[PDB]
Amino acid sequence: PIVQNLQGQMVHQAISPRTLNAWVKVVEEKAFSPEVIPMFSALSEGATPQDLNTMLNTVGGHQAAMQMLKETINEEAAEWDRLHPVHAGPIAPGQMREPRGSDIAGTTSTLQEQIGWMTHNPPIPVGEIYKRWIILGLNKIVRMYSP
Amino acid sequence: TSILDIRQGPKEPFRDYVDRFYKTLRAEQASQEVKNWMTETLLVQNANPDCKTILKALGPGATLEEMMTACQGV
Amino acid sequence: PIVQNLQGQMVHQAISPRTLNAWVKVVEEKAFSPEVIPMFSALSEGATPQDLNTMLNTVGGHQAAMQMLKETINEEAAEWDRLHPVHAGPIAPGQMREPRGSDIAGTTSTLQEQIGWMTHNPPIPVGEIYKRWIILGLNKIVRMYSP
Amino acid sequence: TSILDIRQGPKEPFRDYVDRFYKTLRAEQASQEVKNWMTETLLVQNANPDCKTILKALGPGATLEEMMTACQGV
Amino acid sequence: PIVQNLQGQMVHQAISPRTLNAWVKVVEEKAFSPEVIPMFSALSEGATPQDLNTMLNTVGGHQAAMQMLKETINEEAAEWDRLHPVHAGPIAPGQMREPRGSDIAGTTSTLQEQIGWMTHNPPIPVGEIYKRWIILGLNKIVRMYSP
Amino acid sequence: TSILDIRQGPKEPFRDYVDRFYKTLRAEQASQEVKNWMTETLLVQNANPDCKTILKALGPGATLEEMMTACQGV
């Protein structure tokens, strides 16, 4: 995640193993139950896309759901690209590039790039955009997996 | 176990089978295009006659929530 | 929560997973027992409304009680709005807006807004107002759930 | 399971049923007004005859602690 | 691992026992399962070659696999040496030496040397080169150990 | 369970009963003066005849260690 250091700057720090394991354990115990979404939200505080793929990729089991989510993440990403067209002409030397759906999904962007966008002024909340897609896709799952 | 050996039982819910499929698909390392081909093809082919019948009625263009809700009573 | 940093200022820091899990475990083990209220009170030290909705939303089970509480929180909030009318004329540029029942419940306010009110001079104790509503609603539950 | 499929047993305490209701209501995502409509309507309707009888005597305007204490001996 | 200190420099710090034990426990529980690879990847964040041999050497059990991996690591290392020939003439006093497959495997290099390469400007990602060999060799294992 | 429903068994040690009393008293939220009234009154009243007899001999002014040691053999 990207956290604020004592000095008063935003720097990246790694997520903790008993945080990781707590994510694992939630999924083990409460599967598709709604409490998973606030839980997720708390444990995703200050998290990167990269950390969010890590959390999704580290799941075991419920592979039908994991595939449905993936496909929702790509749909929501396809929709990001649709709604926000690429911008006019070449990229400025003085500036950094606008993200695509795949940069938001973490796929085409690097960590330093993910830190550029979030730490820069104005900052862009690429975590929160992926977060809604995850929560939206979580609703899809919850609604389906209701019996 | 090979991906061709993944098949749906005569009493096995599709759901439990689809889970097995994307787990084994999860251990295949092939190009995405090939894995797309495997998805639309092999899944239905090794599905049981009762659900297979059901899935033929969904036609093409179908997505996983609709397949998964379609073969639920079977 | 909003905690004091080493430098000598009040800054927000996130609540800990084994704190979260300790909240979960209390509820699992002691359900509606009275010891839940001091316990709550300790674990709610320096907590935001936002953190208090997080704690309530992360409950599983006892949904009749969770609904009774919600409805108590809204009643107590409706009562906040009744007792404290909105103030005269437009909001000053030099000042920040007075809270409503829903800002106290965390619903209409943002975190930075919740930090403005609490950290500002005079500070307003929107946590402690929600806390009484929670404790009051906890009494309602305890009294009902006595057999 | 759908919200319409939530019903009270002939020997099941109302209390255990009301818990089931706001759990399933907890998995419904509808507007609040619709969920209010569901509350006053469906809960009583799928309640058992003995308690149903009891709840009819509370009249309208009733709140959950009073319903929950009203059907306790049933 | 090599981590960034508060002062704003990259310094080495040792890996933690409950990190070590978490590595052990993963292997105990999930053996050759695919979730082992993202898991590995997270726990290998900022790690040295030296730390990576430590992790491989501390395995117990699955010795056929451990040997297959070793032999993959040496093959991938032999391939590093093949693809990247040694450079022209004597090593400059002002510069530090280019790595070989065995320096990447950690074998012929010392820690201070591993810190020179990574911390220096440009930095060389000898962790990430070993990491791919480990992940590649992990694919070999996973594919074989599928039943 | 209501505080009036708290009573001592015919074979139940007083001690186990006094624990039950201040647990239920712990779920009563009444003014302290009322809770003092409940203490001196209801505790003895729902105490069993054998201990009840014992407690009558302690007279008034008695404190909990002396009541608790007084009904120990009963």
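Should a chain be cited, it is by its letter among A, B, C, D, E and F, assigned in written order, with residues numbered from 1 in that chain.
Here is the rule we go by: contacts are C-beta pairs under 8 Å (C-beta built on N, C-alpha and C of every residue); 3 or more make two chains touch, one makes a residue touch a chain.
Interface comparison, B-E versus A-E: the pair with the greater number of contacting C-beta pairs is A-E. Distance from each chain's C-alpha mean to the overall C-alpha mean is smallest for A. To overlay subunit B on subunit D by their CA atoms, one rotates by 60 degrees, a value rounded to a multiple of 5. When the contact pairs of C-F are set against those of A-D, A-B or C-D, over half line up by residue number only for A-D. A straight line joining the Cα centres of subunit A and subunit B is 28 Å long.
Our note on geometry: subunit B versus subunit F, Cα centroid distance of 69 Å, whole angstroms. Our note on geometry: subunit A versus subunit F, Cα centroid distance of 60 Å, whole angstroms. Across the assembly, subunit B contributes residues 26 that each touch 2 or more other chains.
In this structure, the chains touch in the following pairs: A-B, A-C, A-D, A-E, B-E, C-D, C-F.
The part of subunit A that touches subunit B in the complex is made up of residues 61-64, 66-68, 71, 140, 144.
Listing the residues of subunit B that touch subunit A in their complex gives 15, 18-19, 21-23, 26, 63-65, 68-69. Of all residues in subunit A, those touching subunit C in their complex are 6, 18-19, 22, 30, 33, 35, 38-39, 41-43, 45-46. Residue ranges on subunit C touching subunit A, taken from their complex, read 6, 14-15, 17-18, 20-21, 54, 57-60.
The touching residues of subunit D, counted against subunit A in their complex, run 1-2, 24, 26-27, 29.
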